[PDB]
């Protein structure tokens, strides 16, 4: 690329993999959202929480793709694997699975940052710090707070209703 | 009728029967509403939910009557049978009875649509699709969601109070 | 499902397949969009045209998923296959590939409509007519108009620039 | 300096050199701008593009000088070498020379960042990341996009006119 | 002091001690607040309640310091002892500890008032009456009300959630 400067092939590849991970996370949250919209589950606040996350994760992938082009890297897409479950159980099960998912994304961001540092690519490092690392820490804190409240509430049915009504 | 065109006697009769079914559904919801306004039941959100449905069902009947005249059919009214119960039990019992009622109305709409298709009466078919079929599907989904939440809540007294306060 | 009425397993399955097709179309347009954002392609109007389509196709998938739940069907997700190309050539090549893609989606909608009619499922039929069939016809007309203008313009470089500047 | 803390003489010197490079880049863009304002060149959008860059590069130098003082370093100025050309040829030639210039500035920023990291000077590192590195990547992407469009357009005279009229 | 009038050394010393007690109370509430912000505690209304009290107690200390200077006394600061606990248990435990703390501050205010009366220092007496005594009585009443509601609620987990959601 005429513009490409200080952008390693290793980082270019890792950014494409991270795009895949973000899109897959978006897909998982799409599945979570619509599961809570089932007439036999029917927790609308929970559905909204996960649909909003689907949107955030898609947006993250697009920001990565924009950056890939800004640096003169080449976007390469792979299949998006279907989410790991078809039914997501209780709000508690779902929030546990969400925190597992976010910790995996966070670890991928930290791995990519370490790669960037090793490659002396400060634009990449700052990009991740400025748009992704703090967002992940904030989101994981919120999920952890939600998990704690869900657990203190679970008369499990009543607790699930009240969390959806009064927190979400 | 000077205006009557492509409007079969079979559809004309079925529309009059459907008017009766809608008015009877309105009457049933009127009874449901005032039952929840009893001082010994006293669930105002539930009363409001059913009174609003009484109004929607009356409006549906009037839309059918307007259409009957637009097509040159002749409105014929029959007795409105009193609702099937004098007392409606718990919110859960009432929501189950509501969903039974709406599924019967939906089935009548689907039967009338099939009749219309068989009679090659596309204005009738579109009329039902445009004003009734989606409204019924949306309403049945909402009732199903409500039933699920009511069931998860039932300390049955506390659950009935909380559903009325926080959902309705 | 407590709410499920007149909703065949065949339609339920076909709706899940159509969701997959819409999401895959969204993914393809995401790839098309970012290809035109490459510094060595650099046709921003073209990038915007396809990114807007990625959004429309995602929205279509979500509308289908909402409907699946409204009817008491169960959303089931499959892998999203990566787009058919990694690089999309000229605007002309890309618009040809877009029209191929939209005609395939349109044909799937028409197949699902025929299935719905065969199953006497008028809510499904109306749903597709009301939210998808006319949108596809309008979009295919616009793409065809664009293809014609692109072809009349191709001094191919100058023509590609002018179409992007003055049409898109 | 009473305030100086963790600020190496090596970084202090490199910041003064970078100030010189930014001012020289401003001067080069001043020359580019006025060349495109010649009555026998007369591409006003091109003139405006480079005059705006002259301003951005001056501003960058002033931000560096402000930082030098904030850290207790001492600004030292050297001669500003005249730009490398007196006449800049076509818009294409000029945009190529601009991208060469920006890549040299970017490399100097990356060298200074590496120096900062080696000297464990995180304020310097963040300063460059926050005000300079992303601005350079964005600008180089825009120039690369412009170069691609210019190249696709070059009936070279007509292409140069159209790029100036419709892009700049 | 040129301005000092009717201001005993005993009151001057007692005001400095009360400043210390108010700052220590602020510190204790800072600790309480951040404990309820832990991801494994996660009661945000409780966190906010105590952080607001940290602010009120700091403000009280500053008002005392302002008064010390207005009277020509000399502010003298001592170490601020760390709060008595590192973890504060349940909301109930925390509210009990808060009421213990406020009763100790109230008693110190009453002791200082008695000292003022004994020293015939009416400005001091009025100062405490006008800015501190009624505020303490109001705050202790509110805490007592909160304690009663917390106790009536403790399904202890559900009760703690509901108090935080609906009272705080």
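Chains here go by letter, A, B, C, D and E, matching the order in which they are written, and residues are numbered from 1 within each.
The definition used in the following text is that a contact is a pair of C-beta atoms (placed from the backbone, for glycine too) under 8 Å apart; a residue touches a chain by one contact, two chains touch by 3 or more.
The fewest steps needed to get from chain A to chain C, moving only between touching chains, is 1.
Touching chain B and chain E together: A. Under the contact definition stated at the top, the chains bordering both chain C and chain E are A.
When every chain is reduced to the mean of its CA atoms, the largest separation from chain B belongs to D. Superposition of chain D on chain E using C-alpha atoms only gives a rotation of 90 degrees, nearest 5. Within the list A-B, B-C or A-C, A-D finds its counterpart interface, over half of the contact pairs alike by residue number, in B-C. Averaging Cα coordinates per chain places chain C and chain D 43 Å apart. In whole angstrom, the spacing between the mean C-alpha positions of chain B and chain C is 37. For chain D, residues touching at least two other chains, in rising order: 141, 144. Applying the touch definition to all chain combinations yields A-B, A-C, A-D, A-E, B-C, C-D.
Of all residues in chain C, only 1-3, 23, 27, 30-31, 34-35, 37-40, 58, 62, 65-66, 68-69, 72, 74-83, 86 touch chain A in the complex they form.
Within the complex formed with chain A, the residues of chain D that make contact are 99, 103, 106-107, 110, 113-114, 117, 125, 128-130, 133-134, 137-138, 140-141, 143-144, 147.
The residues of chain A lying in touch with chain D in their complex are 1-3, 5-6, 69-72, 120, 122-123, 125-127.
Taken in their complex, chain A has these residues touching chain B: 39-42, 44, 155, 157-158, 160-162, 165-166. By the touch criterion stated above, chain D contacts chain C in their complex at residues 141, 144-146, 148-149, 151-153, 155, 158-159, 162-163, 166-167.
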